[PDB]
Structure formats: structure tokens, C-alpha cells
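Below you'll find the structure, written out as C-alpha cells, and then a few comments.
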Amino acid sequence: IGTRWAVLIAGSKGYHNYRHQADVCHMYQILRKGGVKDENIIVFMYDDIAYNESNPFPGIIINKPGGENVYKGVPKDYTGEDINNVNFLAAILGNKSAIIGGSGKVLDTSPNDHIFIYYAXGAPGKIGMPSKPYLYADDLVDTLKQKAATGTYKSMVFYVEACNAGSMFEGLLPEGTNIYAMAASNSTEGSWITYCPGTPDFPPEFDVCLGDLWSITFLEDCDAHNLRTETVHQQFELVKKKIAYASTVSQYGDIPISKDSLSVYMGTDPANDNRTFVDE
Ligand SMILES: *[C@@H]1O[C@H](CO)[C@@H](O[C@@H]2O[C@H](CO)[C@@H](O[C@H]3O[C@H](CO)[C@@H](O)[C@H](O)[C@@H]3O)[C@H](O)[C@H]2NC(C)=O)[C@H](O)[C@H]1NC(C)=O
Ligand SMILES: *[C@@H]1O[C@H](CO)[C@@H](O)[C@H](O)[C@H]1NC(C)=O
Ligand SMILES: *[C@@H]1O[C@H](CO)[C@@H](O)[C@H](O)[C@H]1NC(C)=O
């Protein structure tokens with residue numbers, strides 16, 4: 001059966017980028033409710049949001065108007081400038097001796113384990129880190145190839161919320177190493193923000209957007225169903241159709257991996273056992 005692991009990373013800093021840390025915190029809450037263990041969830045977030053001077057609700061982060069506090073109970077493995085290419089790629093590879101700073105948590109995975117990666121915070125051929133240097137497609141894909149060569153996982157799902165997201169994988173990500181990638185946008189498109197000041201029932205004294213369109217769409221989907229009854233492929237189709245007006249949700253890698261239920265990666269919340277997913 002193996003263990004479920006996750007790496008959650010917001011690649012930005014600054015209060016204006018509230019939404020990236022909010023999205024990642026939200027994802028944490030999904031995993032926790034699903035039975036995924038903290039020792040197997042590696043979290044990269046700058047940690048300048050919850051107690052920011054501009055934060056009208058100190059100690060709270062929401063990913064939705066009227067939402068719960070997604071910040072409570074979120075482990076922090078790498079914060080501040082310990083979020084960088086070196087530590088991110090070392091964490092994925094599971095190379096503890098290459099980590100500088102932070103907790104030292106890495107993907108020490110076994111052949112039957114499942115890996116879920118979620119990145120939020122892009123341009124053609126690169127995604128952001130809090131500070132330069134940024135993460136280039138080739139560098140990311142090479143780490144993913146090395147990890148595959150180690151054979152230390154069964155399959156991996158990688159979700160990317162970024163501008164031109166598909167550019168990180170397009171024509172690079174191998175299709176037979178059990179890695180499936182879903183991107184908020186194609187290699188030529190920007191991705192949309194949502195939950196901005198002005199929207200109805202928006203909490204007062206917020207001047208920042210709470211989430212990213214593709215992110216909150218998938219994340220709210222994960223909160224809504226028994227995840228044994230919904231596959232990665234069904235979420236792809238659901239979310240792609242739902243936000244087609246905004247950007248083209250794109251997929252890469254080993255497409256058959258997406259035939260697994262979401263629960264294989266995320267578990268399921270027992271409270272949603274009777275909420276069977278409808279459609280495909
Ligand atoms: C709350 O959010 C604030 C805005 O995002 C954030 O302020 C920013 O603070 C950082 C770090 O203190 C500043 O960065 C500095 O460091 C580099 C060198 O590495 C300098 O070259 C920079 O010019 C600067 O001195 C940002 O300048 C600053 N940004 C703004 C717009 O003020 C606060 O730090 C956050 N507060 C908490 C509690 O996290
Ligand atoms: C892990 O990191 C160390 C320190 O930089 C390096 O010497 C070692 O070869 C790395 N392991 C692999 C196999 O990438
Ligand atoms: C974006 O995705 C579509 C769907 O297959 C594809 O035709 C296109 O080549 C990709 N990007 C563009 C507009 O070049």
C-alpha cells in the first residue's frame with residue numbers, strides 16, 4: 001500500500017502575494033483531513049503573511065471570503081530565504097545532506113509510495129522563488145528524472161499554479177516514469193487571480209486577493225467529495241471546463257496515472273463519505 005507524501009511550496013514572498021501562501025495552507029488542510037501525516041508533508045512558505053503588519057486578522061489566513069483559518073496547524077519546514085532551488089530540489093530528491101537550513105524534512109520515499117507536489121506562485125520556462133535565482137524548466141525536470149532513476153516512488157502527481165505553467169513540462173517531462181503533471185495554464189497563457197477586493201461578502205480591510213482561480217477551483221473541489229470516487233482525470237476535466245474562460249488547464253507526463261482516485265494522493269475526509277462525485 002505504501003505511504004502518501006506531499007511537497008507544498010509557495011514560491012513567492014510579500015504581503016501582496018498573500019494568495020500563494022493561502023492556497024498552499026489550504027492544500028495542507030485537505031491532506032490533514034485525508035489522513036496524510038505531517039512527517040510526510042514538506043511545507044515551503046515564506047511565513048510573512050499571518051503576522052504581517054498589514055494583516056487585518058493576525059494569526060489567520062483565509063483562502064476564500066468567509067473561509068476557515070487555513071494557517072492553523074500548518075507545519076513549516078522551509079521559511080524565509082530557505083525556500084530556494086537548492087532546498088526544493090534536494091527535498092524532492094530526498095537528499096538530506098544537501099539541505100541548507102530549515103527542518104531537514106525531505107522525500108525519503110520507498111518504491112510503493114505516492115507523491116503529491118503542489119507549487120503556487122511564472123514566466124516561459126521558469127517559476128519563481130522568493131529571491132533570484134528562479135527555477136528553470138530543465139533544472140526541475142532533471143531532478144524529476146534523477147528521482148525516477150532511483151525508483152523510490154510508485155507514482156507522482158505534480159500540480160502547478162503559475163503563469164505559463166505548461167512551459168515547465170511541455171516537451172520535457174517523460175511519459176513513462178509515473179509522473180503526471182497538471183498546470184493552471186498552457187505555456188503561452190497567464191493565470192488568473194480571484195477573490196479580489198470588491199467581490200460580495202469580502203472581509204473588510206483586505207486590499208489583497210485571497211486566492212488563485214485554478215487553485216481555489218481544484219481545492220474547493222477536493223473539499224466537496226469523497227475522493228475515492230473522483231479520479232485525477234475527472235478533476236482535470238471538471239476544472240478545465242469550469243475555468244476555460246480564463247486559462248487552458250493543461251496536462252503532461254504519464255497521462256494514465258491520472259486514472260487513480262484523488263484519494264490515492266490526498267486521502268479523503270471521513271465527513272464526506274456519502275458525497276459521491278457526479279459526472280466525469
Ligand atoms: C509584511 O509584508 C511586507 C510587504 O510585503 C514586508 O516588507 C518587506 O520587508 C522585506 C524584508 O524586510 C523588505 O526587503 C528588504 O531586503 C532586501 C535585501 O535582501 C533589500 O534590498 C530591500 O530593499 C529591503 O530592504 C521589503 O523591502 C519590504 N517590502 C515593502 C513593500 O515594504 C514585511 O517584511 C512583512 N512583515 C512581516 C512581519 O513579515
Ligand atoms: C547529495 O548532496 C551532497 C552534498 O552536496 C552530494 O555530494 C551528493 O552527491 C548528493 N547526492 C546525490 C546522489 O545527488
Ligand atoms: C496549448 O494547448 C492547446 C491544446 O492542445 C495546443 O493546441 C497549443 O499548441 C498549446 N499552446 C499554444 C497556443 O501554442
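Numbering starts fresh at 1 for the residues of each chain in the C-alpha cells, the chains themselves are lettered A, B, ... in the order given, and ligands are numbered from 1 as they appear.
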
Please give the complete set of residues from segment 38-212 of chain A that DSSP, run on the backbone, assigns to strand (DSSP E or B), formatted as a compact mmCIF listing (two decimals) with N, CA, C and O atoms, in the first residue's frame.
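Written out: selection.txt:
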```
# COMPACT_ATOMS: atom_id res chain seq x y z
N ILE A 41 4.56 15.48 4.91
CA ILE A 41 4.18 16.69 4.19
C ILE A 41 5.27 17.76 4.39
O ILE A 41 5.43 18.27 5.50
N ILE A 42 6.02 18.05 3.32
CA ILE A 42 7.09 19.04 3.39
C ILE A 42 6.53 20.39 2.95
O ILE A 42 6.05 20.51 1.82
N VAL A 43 6.62 21.41 3.81
CA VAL A 43 5.98 22.70 3.52
C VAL A 43 7.01 23.80 3.35
O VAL A 43 7.84 24.02 4.23
N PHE A 44 6.96 24.46 2.20
CA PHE A 44 7.74 25.67 1.95
C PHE A 44 6.78 26.85 1.86
O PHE A 44 5.98 26.93 0.92
N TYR A 78 10.47 24.89 5.57
CA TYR A 78 11.39 25.85 4.97
C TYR A 78 10.65 27.17 4.85
O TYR A 78 9.62 27.25 4.19
N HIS A 114 3.35 7.13 -2.76
CA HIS A 114 2.74 8.10 -3.65
C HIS A 114 3.21 9.50 -3.27
O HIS A 114 3.35 9.80 -2.09
N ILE A 115 3.49 10.32 -4.28
CA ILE A 115 3.97 11.68 -4.05
C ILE A 115 3.03 12.68 -4.71
O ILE A 115 2.70 12.57 -5.90
N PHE A 116 2.61 13.67 -3.93
CA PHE A 116 1.84 14.77 -4.48
C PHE A 116 2.62 16.07 -4.31
O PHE A 116 3.02 16.40 -3.20
N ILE A 117 2.87 16.79 -5.41
CA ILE A 117 3.58 18.05 -5.29
C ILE A 117 2.63 19.18 -5.69
O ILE A 117 2.01 19.12 -6.75
N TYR A 118 2.57 20.22 -4.85
CA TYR A 118 1.80 21.37 -5.27
C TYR A 118 2.62 22.65 -5.16
O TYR A 118 3.04 23.01 -4.07
N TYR A 119 2.81 23.33 -6.30
CA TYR A 119 3.52 24.59 -6.36
C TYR A 119 2.54 25.73 -6.68
O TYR A 119 1.76 25.63 -7.63
N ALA A 120 2.64 26.83 -5.92
CA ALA A 120 1.86 28.01 -6.26
C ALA A 120 2.72 29.29 -6.20
O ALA A 120 3.38 29.49 -5.19
N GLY A 122 5.20 32.87 -12.44
CA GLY A 122 5.83 32.11 -13.51
C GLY A 122 6.06 32.96 -14.75
O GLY A 122 5.50 34.05 -14.88
N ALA A 123 6.89 32.43 -15.65
CA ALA A 123 7.15 33.02 -16.96
C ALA A 123 7.57 31.89 -17.89
O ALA A 123 7.84 30.80 -17.42
N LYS A 126 10.18 29.07 -16.64
CA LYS A 126 10.64 29.25 -15.27
C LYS A 126 9.48 29.56 -14.31
O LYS A 126 8.46 30.12 -14.69
N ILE A 127 9.64 29.14 -13.05
CA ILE A 127 8.76 29.55 -11.98
C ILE A 127 9.58 30.25 -10.89
O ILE A 127 10.81 30.09 -10.82
N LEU A 135 13.58 29.06 -10.75
CA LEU A 135 13.66 27.65 -11.10
C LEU A 135 13.32 27.47 -12.59
O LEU A 135 12.17 27.65 -13.02
N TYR A 136 14.34 27.07 -13.36
CA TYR A 136 14.19 26.83 -14.79
C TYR A 136 13.68 25.41 -15.03
O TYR A 136 13.94 24.52 -14.21
N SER A 155 4.16 6.38 -7.91
CA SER A 155 3.76 7.39 -8.88
C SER A 155 3.69 8.77 -8.22
O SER A 155 3.58 8.86 -7.01
N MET A 156 3.75 9.81 -9.05
CA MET A 156 3.80 11.18 -8.59
C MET A 156 2.84 12.05 -9.41
O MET A 156 2.81 11.95 -10.65
N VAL A 157 2.07 12.88 -8.70
CA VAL A 157 1.21 13.90 -9.29
C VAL A 157 1.77 15.27 -8.89
O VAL A 157 2.05 15.51 -7.72
N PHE A 158 1.91 16.16 -9.88
CA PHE A 158 2.51 17.48 -9.71
C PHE A 158 1.54 18.53 -10.26
O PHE A 158 1.27 18.56 -11.46
N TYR A 159 1.02 19.39 -9.37
CA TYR A 159 0.12 20.47 -9.74
C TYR A 159 0.87 21.80 -9.67
O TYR A 159 1.50 22.11 -8.65
N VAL A 160 0.76 22.60 -10.74
CA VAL A 160 1.49 23.85 -10.80
C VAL A 160 0.51 24.99 -11.05
O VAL A 160 -0.08 25.07 -12.13
N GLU A 161 0.41 25.90 -10.07
CA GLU A 161 -0.27 27.18 -10.22
C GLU A 161 0.77 28.26 -10.50
O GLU A 161 1.45 28.71 -9.58
N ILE A 179 5.07 9.98 -13.68
CA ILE A 179 4.86 11.34 -13.23
C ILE A 179 3.80 11.99 -14.10
O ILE A 179 3.99 12.12 -15.31
N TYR A 180 2.70 12.40 -13.46
CA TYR A 180 1.65 13.15 -14.12
C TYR A 180 1.66 14.60 -13.63
O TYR A 180 1.67 14.84 -12.42
N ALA A 181 1.61 15.56 -14.56
CA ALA A 181 1.59 16.98 -14.20
C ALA A 181 0.32 17.64 -14.73
O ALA A 181 -0.08 17.39 -15.86
N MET A 182 -0.29 18.50 -13.91
CA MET A 182 -1.39 19.36 -14.30
C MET A 182 -0.99 20.82 -14.03
O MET A 182 -0.52 21.14 -12.94
N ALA A 183 -1.24 21.69 -15.00
CA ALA A 183 -0.86 23.09 -14.91
C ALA A 183 -2.10 23.99 -15.04
O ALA A 183 -3.01 23.69 -15.82
N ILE A 193 -6.02 35.51 -11.06
CA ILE A 193 -6.22 35.67 -9.63
C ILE A 193 -7.73 35.70 -9.41
O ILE A 193 -8.48 35.92 -10.34
N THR A 194 -8.16 35.42 -8.19
CA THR A 194 -9.57 35.53 -7.85
C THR A 194 -9.72 35.99 -6.40
O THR A 194 -8.72 36.18 -5.70
N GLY A 211 -7.00 34.28 -3.30
CA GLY A 211 -6.65 33.01 -3.93
C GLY A 211 -6.41 33.13 -5.43
O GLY A 211 -6.55 34.20 -6.02
N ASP A 212 -6.01 32.03 -6.05
CA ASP A 212 -5.78 31.97 -7.48
C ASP A 212 -6.88 31.10 -8.07
O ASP A 212 -7.31 30.12 -7.45
```

Would you please give, as a CSV table (one decimal) with N, CA, C and O atoms, in the first residue's frame, all residues of segment 17-196 of chain A that DSSP assigns to alpha helix (DSSP H) based on the backbone?
```csv
chain,number,residue,atom,x,y,z
A,18,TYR,N,-0.2,37.3,-0.8
A,18,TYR,CA,-1.0,36.6,0.2
A,18,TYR,C,-1.5,35.3,-0.3
A,18,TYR,O,-1.4,34.2,0.4
A,19,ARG,N,-2.1,35.3,-1.5
A,19,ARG,CA,-2.9,34.2,-2.1
A,19,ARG,C,-2.0,32.9,-2.3
A,19,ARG,O,-2.6,31.8,-2.2
A,20,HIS,N,-0.7,33.0,-2.5
A,20,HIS,CA,0.1,31.8,-2.8
A,20,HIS,C,0.3,31.0,-1.5
A,20,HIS,O,0.2,29.8,-1.6
A,21,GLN,N,0.5,31.7,-0.4
A,21,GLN,CA,0.6,31.0,0.9
A,21,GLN,C,-0.7,30.5,1.3
A,21,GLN,O,-0.8,29.4,1.9
A,22,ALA,N,-1.8,31.2,1.0
A,22,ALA,CA,-3.1,30.8,1.4
A,22,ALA,C,-3.5,29.5,0.7
A,22,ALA,O,-4.1,28.6,1.3
A,23,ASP,N,-3.2,29.4,-0.7
A,23,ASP,CA,-3.5,28.3,-1.5
A,23,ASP,C,-2.8,27.0,-0.9
A,23,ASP,O,-3.4,26.0,-0.8
A,24,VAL,N,-1.5,27.2,-0.5
A,24,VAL,CA,-0.7,26.1,0.0
A,24,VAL,C,-1.2,25.7,1.4
A,24,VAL,O,-1.3,24.5,1.6
A,25,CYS,N,-1.6,26.6,2.2
A,25,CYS,CA,-2.1,26.3,3.5
A,25,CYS,C,-3.4,25.5,3.3
A,25,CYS,O,-3.6,24.5,4.0
A,26,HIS,N,-4.3,25.9,2.4
A,26,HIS,CA,-5.5,25.2,2.1
A,26,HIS,C,-5.2,23.8,1.7
A,26,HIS,O,-5.9,22.9,2.2
A,27,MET,N,-4.3,23.6,0.8
A,27,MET,CA,-3.9,22.2,0.4
A,27,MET,C,-3.5,21.4,1.6
A,27,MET,O,-3.9,20.2,1.7
A,28,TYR,N,-2.7,22.0,2.5
A,28,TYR,CA,-2.3,21.3,3.7
A,28,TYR,C,-3.6,20.7,4.4
A,28,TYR,O,-3.6,19.6,4.9
A,29,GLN,N,-4.6,21.6,4.6
A,29,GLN,CA,-5.8,21.2,5.4
A,29,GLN,C,-6.5,20.0,4.7
A,29,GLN,O,-7.1,19.2,5.4
A,30,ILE,N,-6.4,19.9,3.4
A,30,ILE,CA,-7.0,18.8,2.6
A,30,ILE,C,-6.3,17.5,3.0
A,30,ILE,O,-7.0,16.5,3.3
A,31,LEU,N,-5.0,17.6,3.0
A,31,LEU,CA,-4.1,16.4,3.3
A,31,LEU,C,-4.3,15.9,4.7
A,31,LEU,O,-4.4,14.7,4.9
A,32,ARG,N,-4.4,16.9,5.6
A,32,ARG,CA,-4.5,16.5,7.0
A,32,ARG,C,-5.9,15.8,7.2
A,32,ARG,O,-5.9,14.8,7.9
A,33,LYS,N,-6.9,16.3,6.6
A,33,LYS,CA,-8.3,15.7,6.8
A,33,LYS,C,-8.3,14.4,6.2
A,33,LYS,O,-9.1,13.5,6.6
A,85,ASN,N,16.0,27.1,-4.8
A,85,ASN,CA,16.1,25.9,-5.7
A,85,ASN,C,16.8,24.8,-5.0
A,85,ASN,O,16.4,23.6,-5.1
A,86,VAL,N,17.9,25.0,-4.3
A,86,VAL,CA,18.7,24.0,-3.7
A,86,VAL,C,17.9,23.1,-2.8
A,86,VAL,O,17.9,21.9,-2.9
A,87,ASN,N,17.2,23.8,-1.8
A,87,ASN,CA,16.4,23.0,-0.8
A,87,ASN,C,15.1,22.4,-1.5
A,87,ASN,O,14.7,21.3,-1.0
A,88,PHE,N,14.5,23.1,-2.4
A,88,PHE,CA,13.4,22.5,-3.1
A,88,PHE,C,13.7,21.2,-3.8
A,88,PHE,O,13.1,20.1,-3.6
A,89,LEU,N,14.8,21.2,-4.6
A,89,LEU,CA,15.2,20.1,-5.4
A,89,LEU,C,15.8,19.0,-4.5
A,89,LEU,O,15.5,17.8,-4.8
A,90,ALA,N,16.5,19.4,-3.5
A,90,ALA,CA,17.1,18.4,-2.6
A,90,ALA,C,15.9,17.7,-1.8
A,90,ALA,O,16.0,16.5,-1.6
A,91,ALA,N,14.9,18.4,-1.5
A,91,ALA,CA,13.7,17.9,-0.8
A,91,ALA,C,13.1,16.8,-1.7
A,91,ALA,O,12.7,15.8,-1.2
A,92,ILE,N,12.9,17.1,-3.0
A,92,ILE,CA,12.2,16.2,-3.9
A,92,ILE,C,13.1,14.9,-4.1
A,92,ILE,O,12.6,13.8,-4.0
A,93,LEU,N,14.4,15.1,-4.2
A,93,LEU,CA,15.3,14.0,-4.4
A,93,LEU,C,15.4,13.2,-3.1
A,93,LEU,O,15.9,12.0,-3.2
A,137,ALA,N,12.9,25.3,-16.1
A,137,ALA,CA,12.3,24.0,-16.5
A,137,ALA,C,13.3,22.8,-16.5
A,137,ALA,O,13.0,21.8,-15.9
A,138,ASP,N,14.4,23.1,-17.1
A,138,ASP,CA,15.4,22.0,-17.3
A,138,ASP,C,15.9,21.5,-16.0
A,138,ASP,O,16.1,20.3,-15.8
A,139,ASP,N,16.1,22.4,-15.0
A,139,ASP,CA,16.6,22.1,-13.7
A,139,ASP,C,15.6,21.3,-13.0
A,139,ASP,O,15.9,20.3,-12.3
A,140,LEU,N,14.3,21.7,-13.0
A,140,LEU,CA,13.2,21.0,-12.4
A,140,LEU,C,13.1,19.6,-12.9
A,140,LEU,O,13.1,18.6,-12.2
A,141,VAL,N,13.0,19.5,-14.3
A,141,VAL,CA,12.8,18.2,-14.9
A,141,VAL,C,14.0,17.2,-14.7
A,141,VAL,O,13.8,16.1,-14.5
A,142,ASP,N,15.2,17.8,-14.7
A,142,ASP,CA,16.4,16.9,-14.4
A,142,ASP,C,16.3,16.3,-13.0
A,142,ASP,O,16.7,15.1,-12.9
A,143,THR,N,15.9,17.1,-12.0
A,143,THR,CA,15.7,16.5,-10.7
A,143,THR,C,14.6,15.4,-10.7
A,143,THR,O,14.7,14.4,-10.1
A,144,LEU,N,13.5,15.7,-11.5
A,144,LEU,CA,12.5,14.7,-11.6
A,144,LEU,C,12.9,13.4,-12.2
A,144,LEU,O,12.5,12.3,-11.9
A,145,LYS,N,13.8,13.6,-13.2
A,145,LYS,CA,14.4,12.4,-13.9
A,145,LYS,C,15.4,11.6,-12.9
A,145,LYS,O,15.4,10.4,-13.0
A,146,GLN,N,16.1,12.3,-12.1
A,146,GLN,CA,17.0,11.6,-11.2
A,146,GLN,C,16.2,10.9,-10.2
A,146,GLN,O,16.5,9.8,-9.8
A,147,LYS,N,15.1,11.5,-9.7
A,147,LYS,CA,14.3,10.8,-8.7
A,147,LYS,C,13.6,9.6,-9.3
A,147,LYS,O,13.5,8.6,-8.6
A,148,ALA,N,13.2,9.6,-10.5
A,148,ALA,CA,12.6,8.5,-11.2
A,148,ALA,C,13.7,7.4,-11.3
A,148,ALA,O,13.4,6.2,-11.0
A,149,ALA,N,14.9,7.7,-11.7
A,149,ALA,CA,16.0,6.7,-11.8
A,149,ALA,C,16.3,6.0,-10.5
A,149,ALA,O,16.8,4.9,-10.5
A,150,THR,N,15.9,6.6,-9.3
A,150,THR,CA,16.1,6.0,-8.0
A,150,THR,C,15.0,4.9,-7.8
A,150,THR,O,15.2,4.1,-6.9
```

*Shell of 10 Å around residue 206 of chain A, only C-alpha atoms, local chain residues under 2 positions omitted, as an NGL selection string*: :A and (54-57 or 196-198 or 202-204 or 208-210)

_Closest of A:246, A:230, A:171, A:238 to residue 192 of chain A - atom-to-atom distances counting only C-alpha atoms_ = A:246

*One decimal, Å: what's the distance from atom CA of residue 60 of chain A over to atom 36 (N, counted along the ligand's line) of ligand 1, could you say?*
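It comes out at 14.2 Å.
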
Find the nearest atom pair between each residue of chain A and ligand 1 for residues within 9 Å, count only C-alpha atoms and all ligand atoms, give distances in Å to one decimal, sort rows by chain and ascending number, and present the table as JSON lines.
```
{"residue": "A:13", "atom": "CA", "partner": "ligand 1", "partner_atom_place_in_ligand_line": "5 (O)", "distance": 6.8}
{"residue": "A:14", "atom": "CA", "partner": "ligand 1", "partner_atom_place_in_ligand_line": "5 (O)", "distance": 3.2}
{"residue": "A:15", "atom": "CA", "partner": "ligand 1", "partner_atom_place_in_ligand_line": "5 (O)", "distance": 4.0}
{"residue": "A:16", "atom": "CA", "partner": "ligand 1", "partner_atom_place_in_ligand_line": "5 (O)", "distance": 6.0}
{"residue": "A:17", "atom": "CA", "partner": "ligand 1", "partner_atom_place_in_ligand_line": "5 (O)", "distance": 7.8}
{"residue": "A:18", "atom": "CA", "partner": "ligand 1", "partner_atom_place_in_ligand_line": "5 (O)", "distance": 8.9}
{"residue": "A:46", "atom": "CA", "partner": "ligand 1", "partner_atom_place_in_ligand_line": "39 (O)", "distance": 8.5}
{"residue": "A:47", "atom": "CA", "partner": "ligand 1", "partner_atom_place_in_ligand_line": "39 (O)", "distance": 6.8}
{"residue": "A:48", "atom": "CA", "partner": "ligand 1", "partner_atom_place_in_ligand_line": "39 (O)", "distance": 3.5}
{"residue": "A:49", "atom": "CA", "partner": "ligand 1", "partner_atom_place_in_ligand_line": "39 (O)", "distance": 6.1}
{"residue": "A:50", "atom": "CA", "partner": "ligand 1", "partner_atom_place_in_ligand_line": "39 (O)", "distance": 7.9}
{"residue": "A:51", "atom": "CA", "partner": "ligand 1", "partner_atom_place_in_ligand_line": "38 (C)", "distance": 5.4}
{"residue": "A:52", "atom": "CA", "partner": "ligand 1", "partner_atom_place_in_ligand_line": "38 (C)", "distance": 4.0}
{"residue": "A:53", "atom": "CA", "partner": "ligand 1", "partner_atom_place_in_ligand_line": "1 (C)", "distance": 5.8}
{"residue": "A:54", "atom": "CA", "partner": "ligand 1", "partner_atom_place_in_ligand_line": "1 (C)", "distance": 6.4}
{"residue": "A:55", "atom": "CA", "partner": "ligand 1", "partner_atom_place_in_ligand_line": "1 (C)", "distance": 8.1}
{"residue": "A:131", "atom": "CA", "partner": "ligand 1", "partner_atom_place_in_ligand_line": "19 (O)", "distance": 8.2}
```

*Of the residues A:163, A:222, A:107, A:61, which is the one nearest to residue 3 of chain A, using only C-alpha atoms?*
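Checking each candidate against residue 3 of chain A, we get A:107 as the closest.
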
_At a cut-off of 7 Å and counting only C-alpha atoms and all ligand atoms, what residues surround ligand 2? Please answer as a ChimeraX atom specification._
/A:95,97-98

Would you output that residue set with C-alpha atoms, as a compact mmCIF listing (two decimals), in the first residue's frame?
```txt
# COMPACT_ATOMS: atom_id res chain seq x y z
CA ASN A 95 18.97 14.20 -0.26
CA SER A 97 22.83 16.14 3.20
CA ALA A 98 22.20 18.76 0.51
```

*Among listed residues A:79, A:272, A:152, A:167, nearest ligand 3 (using only C-alpha atoms and all ligand atoms)*: A:167

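One distance worth recording is that between atom CA of residue 250 of chain A and atom CA of residue 188 of chain A, which is 11.1 Å.
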
*Please, which residues have at least one atom within 10 Å of an atom of ligand 3, using only C-alpha atoms and all ligand atoms, listed as an MDAnalysis selection string?*
chainID A and resid 164 166:167 170 185:189 247:251

_Using only C-alpha atoms: which of A:113, A:237, A:260, A:184 has the shortest distance to residue 168 of chain A_ = A:184

*What is the atom CA of residue 279 of chain A to atom CA of residue 7 of chain A distance in Å?*
29.2 Å
